[PDB]
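Peer 1: Take this structure first; my questions come after.
FYI the Cβ positions are ideal-geometry reconstructions off the backbone, even for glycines, and counts take in every protein chain you see. Every number here is computed from the coordinates shown, using simple stated rules; none is lab data.
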Protein chains: 2
Amino acid sequence: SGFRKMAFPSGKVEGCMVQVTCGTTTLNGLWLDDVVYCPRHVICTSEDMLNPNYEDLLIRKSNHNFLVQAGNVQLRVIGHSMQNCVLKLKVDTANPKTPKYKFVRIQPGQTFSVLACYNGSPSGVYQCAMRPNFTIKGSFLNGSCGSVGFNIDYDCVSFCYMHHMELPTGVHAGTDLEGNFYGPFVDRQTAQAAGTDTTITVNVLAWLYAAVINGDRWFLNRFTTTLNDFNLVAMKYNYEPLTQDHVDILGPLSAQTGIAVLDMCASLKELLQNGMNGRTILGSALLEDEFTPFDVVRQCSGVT
Amino acid sequence: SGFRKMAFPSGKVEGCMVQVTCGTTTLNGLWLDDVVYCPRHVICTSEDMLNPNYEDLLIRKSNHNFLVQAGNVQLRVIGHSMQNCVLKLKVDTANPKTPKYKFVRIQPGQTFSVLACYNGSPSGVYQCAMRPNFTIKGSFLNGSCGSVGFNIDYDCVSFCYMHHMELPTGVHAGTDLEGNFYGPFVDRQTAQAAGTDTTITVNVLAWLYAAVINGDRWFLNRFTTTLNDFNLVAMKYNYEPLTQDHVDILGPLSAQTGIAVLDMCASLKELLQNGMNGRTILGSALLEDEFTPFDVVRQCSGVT
Ligand SMILES: Cc1c([C@@H](C)C(=O)O)ccc2c1[nH]c1ccc(Cl)cc12
Ligand SMILES: Cc1c([C@@H](C)C(=O)O)ccc2c1[nH]c1ccc(Cl)cc12
């Protein structure tokens, strides 16, 4: 029993973190096989970040200007290329610790673990969700750029995020491992504001199922609802509309607990309308939306 | 910017997890040098757990009855001994991945990372605090016993916890790495109830400092208090009494933000008396107490 905001074990990812320096800028890189991936803004000064012409700035850079250090040993850069907002530095040595891996572009509402790094050294690991406005609420200080987000399926690491920017509002923006930003964000120090940070409804319902499994049942009521009726309330509360696809994904949790998905929606509806009244669910005073239905199943079954 | 419930990178600890089986019971062990540490209740069936005589049950066990598997390779057990509530299995091979390490017995209010494991395989990592009633609120299912809690100081892992029990209330109990339980708990399936789970006041104040540093300042008021006056309110709200030692530990956070420790106590006092009024602090609707002042400094400075 017990339910925690849990990250994946980070060992496989720690073995990939390197330090990348270009001029006076130092950030993190991800070393997989003989390639080091890092934000292309490593070539920028804070002045350049106001209006960077990346192709032009890159003309002045050669392989020897990209200093890559893995632990305390320097890697030899034998090639470099820019793919969207990431630089790929080809090195002469394949990372001996390269895990089985994939590059995946996640959807909003999906969760992942971030290994926050500074100067190629891991400092901590925490769990995130890609928000419906394509920002993440992370913990990133100067030097953390190039830290990556990931999920693990047994022994295969699926890298889904690379940290690039902190918006003036304190939220974070970044790219998948092909260098395409999530959402409308760009790697430029400019006024970039996020849209509405709606709540990931399917995740909140999955977390209400985790709560029932772990003994917190006070919020269960005698009501039911329909998707349309539920969605009128979700709209009013800035919650994502619930679809039949979400109902289907919650199927296994519904089966395990015997609580129909629409009955859990009705409990959620009353919680939205009435609040918590000073009570908590799984030690939280708000409805948690950063556990997917897969995360709840995984944690409630002990997948390794 | 941004402040998250962050765990230490778990790689160094993942390299130490092994599977230990005795008869029909399988749990986790911690392999450091040529020793594997695991809960002594590995020798018990669920029937034995009602009233186990560990010395007597251990007489029927030989080195060859303890099956230790590291990954998919079996380790040879050449000695075994019981130290308090842990078994130490001497193996013929030193763990090649043994990090620099210490065994420390923590105080209530101290935080640590747990690497939840099943069958010697890491499933996830999360941050905990040793509660003032010596329980932890973890996420542990059957098979998770032997999972460990730890902190890291650069390259040295200080192991402070080993998971042994889940109380009927769903909270968790365990030992330090010398096998002494935290608090009054025993490794017996019996009625064991926890005392008052008070709030770790110094941690909540450290987290209010993290909130000010990260821009959440609405709760700051025009008041101050004294330790005695603050403690009258802390007592009423089941908060730990604040001491001059706690005020001293918050010194660096006070200096960095320019908010006197007693002024932050007065903000905390008003939050206790008035509630949050539907507002949040660092995305939480309750006062978080599982960040120590050291954790706040570390996360707000990017220590690796
Ligand atoms: C894989 C790769 C890279 C990486 C960065 C990549 O583009 O994936 C960069 C540069 C080169 C490269 N293969 C080469 C073969 C011939 C020559 Cl002349 C250059 C390169
Ligand atoms: C370190 C150690 C252990 C571990 C479990 C320990 O007690 O720390 C267990 C058993 C033995 C041991 N050294 C030995 C030397 C001679 C003999 Cl006859 C037995 C043992």
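Peer 1: Tally time: how many residues in segment B:72-117 are away from ligand 2 (no atom under 16 Å from the Cβ), closer than 16 Å to residue B:28 by Cα, in contact (Cβ under 8 Å) with a residue 12 or more places away in the chain and surrounded by fewer than 22 Cβ atoms within 10 Å (Cβ to Cβ)?
Peer 2: Of the residues in segment B:72-117, 0 are away from ligand 2 (no atom under 16 Å from the Cβ), closer than 16 Å to residue B:28 by Cα, in contact (Cβ under 8 Å) with a residue 12 or more places away in the chain and surrounded by fewer than 22 Cβ atoms within 10 Å (Cβ to Cβ).
Peer 1: A further question follows. Within the group B:215, B:179, B:174, which residue is within 14 Å of chain A (Cβ to nearest Cβ) and at positive phi?
Peer 2: B:215
Peer 1: Could you tell me which residue of segment B:244-262 is nearest to residue B:225 (Cα to Cα), considering only residues that are among the hydrophobic types (A, V, I, L, M, F, W, C) and in a helix (DSSP H, G or I)? Break it down into steps so the answer makes sense when it comes.
Peer 2: Step one: list which residues in segment B:244-262 are among the hydrophobic types (A, V, I, L, M, F, W, C), which gives B:247, B:249-250, B:253, B:255, B:259-262.
Filter again for in a helix (DSSP H, G or I), leaving B:247, B:249, B:253, B:255, B:261-262.
Numbers: B:247: 13, B:249: 18, B:253: 18, B:255: 18, B:261: 9, B:262: 6 Å.
Per the criteria, the residue is B:262.
Peer 1: Right, something else. One residue is enough: does segment B:58-77 have a residue meeting the conditions closer than 18 Å to residue B:185 by Cβ and away from ligand 1 (no atom under 16 Å from the Cβ)? Explain how you work it out, then say what you get.
Peer 2: To start, the set of residues in segment B:58-77 that are closer than 18 Å to residue B:185 by Cβ comprises none.
No, segment B:58-77 contains no residue that is closer than 18 Å to residue B:185 by Cβ and away from ligand 1 (no atom under 16 Å from the Cβ).
Peer 1: Also, quick follow-up: Could you tell me which numbered condition residue B:94 fails, if it satisfies all but one of (1) in contact with a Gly (Cβ under 9 Å, 6 or more places away or on another chain); (2) closer than 16 Å to residue B:68 by Cα; (3) part of a loop (DSSP other than H, G, I, E, B)?
Peer 2: Unmet condition: (1).
Peer 1: Residue check: is residue B:232 buried (at least 17 other Cβ atoms within 10 Å of the Cβ) and in a helix (DSSP H, G or I)? Talk me through it step by step, then tell me what you get.
Peer 2: Details: buried (at least 17 other Cβ atoms within 10 Å of the Cβ): no; in a helix (DSSP H, G or I): yes.
No, not satisfied.
Peer 1: Tell me whether segment B:148-170 contains one or more residues that are buried (at least 20 other Cβ atoms within 10 Å of the Cβ) and of a type in the set (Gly, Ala, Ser).
Peer 2: Yes, the conditions are met somewhere in segment B:148-170.
Peer 1: Here's another thing I want to ask about it. What residue, of A:2, A:11, is within 13 Å of chain B (Cβ to nearest Cβ), touching a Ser or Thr at 6+ places or on another chain (Cβ under 9 Å) and free of Cβ contacts under 8 Å to residues at least 60 places away in the same chain?
Peer 2: Details: A:2 fails: free of Cβ contacts under 8 Å to residues at least 60 places away in the same chain.
Being within 13 Å of chain B (Cβ to nearest Cβ), touching a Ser or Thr at 6+ places or on another chain (Cβ under 9 Å) and free of Cβ contacts under 8 Å to residues at least 60 places away in the same chain holds for just one of A:2, A:11, which is A:11.
Peer 1: Looking at this structure, is residue B:79 assigned to a strand (DSSP E or B) and either touching a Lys or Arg at 6+ places or on another chain (Cβ under 9 Å) or farther than 26 Å from residue A:302 by Cβ (or both)?
Peer 2: Yes; evaluated as a whole, the condition is true for this residue.
Peer 1: For segment B:238-262, name all the residues that are buried (at least 16 other Cβ atoms within 10 Å of the Cβ) and either aliphatic (A, V, I, L, M) or touching a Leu at 6+ places or on another chain (Cβ under 7 Å) (or both).
Peer 2: B:242, B:247, B:249, B:250, B:253, B:259, B:261, B:262
Peer 1: Out of (1) in contact (Cβ under 8 Å) with a residue 24 or more places away in the chain; (2) over 30 Å from residue A:138 (Cα atoms), what's the single condition that is false for residue B:266?
Peer 2: (2)
Peer 1: Restricting the search to segment B:17-36, which residues are surrounded by fewer than 24 Cβ atoms within 10 Å (Cβ to Cβ) and within 14 Å of chain A (Cβ to nearest Cβ)?
Peer 2: Within segment B:17-36, just B:26 meets the criteria.
Peer 1: Would you call residue A:223 of a type in the set (A, V, I, L, M, F, W, C) and exposed (fewer than 13 other Cβ atoms within 10 Å of the Cβ)? Before you say what the answer is, go through the steps one by one.
Peer 2: Details: of a type in the set (A, V, I, L, M, F, W, C): yes; exposed (fewer than 13 other Cβ atoms within 10 Å of the Cβ): yes.
The answer is yes for residue A:223.
Peer 1: Can you name the residue in segment B:37-54 that is within 13 Å of ligand 2 (Cβ to nearest atom) and in a strand (DSSP E or B) and is also farthest from the other protein chains (Cβ to nearest Cβ) among such residues?
Peer 2: Filtering segment B:37-54 for residues within 13 Å of ligand 2 (Cβ to nearest atom) gives B:37-38, B:40.
If we keep only those that are in a strand (DSSP E or B) as well, we get B:37-38.
On the way: B:37: 19, B:38: 17 Å.
So the residue we want is B:37.
Peer 1: A further question follows. Please pick out the residue among A:113, A:123 that is of a type outside the set (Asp, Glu), assigned to a strand (DSSP E or B) and at the interface with another protein chain (Cβ under 8 Å from one of its Cβ atoms).
Peer 2: On the way: A:113 fails: at the interface with another protein chain (Cβ under 8 Å from one of its Cβ atoms).
Within the list A:113, A:123, the selection yields A:123.
Peer 1: Moving on to the next point. The conditions are (1) out of contact with any helix residue (DSSP H, G or I) (no Cβ under 8 Å at 6 or more places or on another chain); (2) within 13 Å of chain B (Cβ to nearest Cβ); (3) surrounded by 24 or more Cβ atoms within 10 Å (Cβ to Cβ), and residue A:139 fails exactly one of them. Which is it?
Peer 2: All conditions are met except number (1).
Peer 1: Something else: What are the residues in segment A:293-304 that are within 11 Å of residue A:209 (Cα to Cα) and either among the basic types (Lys, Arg) or more than 8 Å from chain B (Cβ to nearest Cβ) (or both), if any?
Peer 2: Of segment A:293-304, the ones within 11 Å of residue A:209 (Cα to Cα) are A:293, A:296-297, A:300.
The answer is A:293, A:296, A:297.
Peer 1: Here's a follow-up. Confirm whether residue A:134 is surrounded by fewer than 22 Cβ atoms within 10 Å (Cβ to Cβ), within 18 Å of the chain's Cα centre (by Cα) and within 16 Å of ligand 1 (Cβ to nearest atom).
Peer 2: No: the conditions fail for residue A:134.
Peer 1: For segment B:188-218, give me each residue that is surrounded by 19 or more Cβ atoms within 10 Å (Cβ to Cβ), assigned to a loop (DSSP other than H, G, I, E, B) and over 18 Å from the mean Cα position of the chain (by Cα).
Peer 2: Scanning segment B:188-218 gives a single hit, B:216.
Peer 1: Just checking, does segment A:265-277 include any residue being among the small types (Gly, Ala, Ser), at the interface with chain B (Cβ under 9 Å from one of its Cβ atoms) and not in a helix (DSSP H, G or I)? It would help to see each step written out before you state the result.
Peer 2: Of the residues in segment A:265-277, the ones among the small types (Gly, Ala, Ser) are A:266-267, A:275.
Pick out the ones that are also at the interface with chain B (Cβ under 9 Å from one of its Cβ atoms) and you get A:275.
Filter once more, so that each one left must be not in a helix (DSSP H, G or I): A:275.
Checking segment A:265-277: at least one residue is among the small types (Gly, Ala, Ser), at the interface with chain B (Cβ under 9 Å from one of its Cβ atoms) and not in a helix (DSSP H, G or I).
Peer 1: Is it true that some residue in segment B:81-101 is in contact with a strand residue (DSSP E or B) (Cβ under 6 Å, 6 or more places away or on another chain), away from ligand 1 (no atom under 16 Å from the Cβ) and small (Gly, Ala, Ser)?
Peer 2: Yes: segment B:81-101 contains one or more residues that are in contact with a strand residue (DSSP E or B) (Cβ under 6 Å, 6 or more places away or on another chain), away from ligand 1 (no atom under 16 Å from the Cβ) and small (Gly, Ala, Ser).
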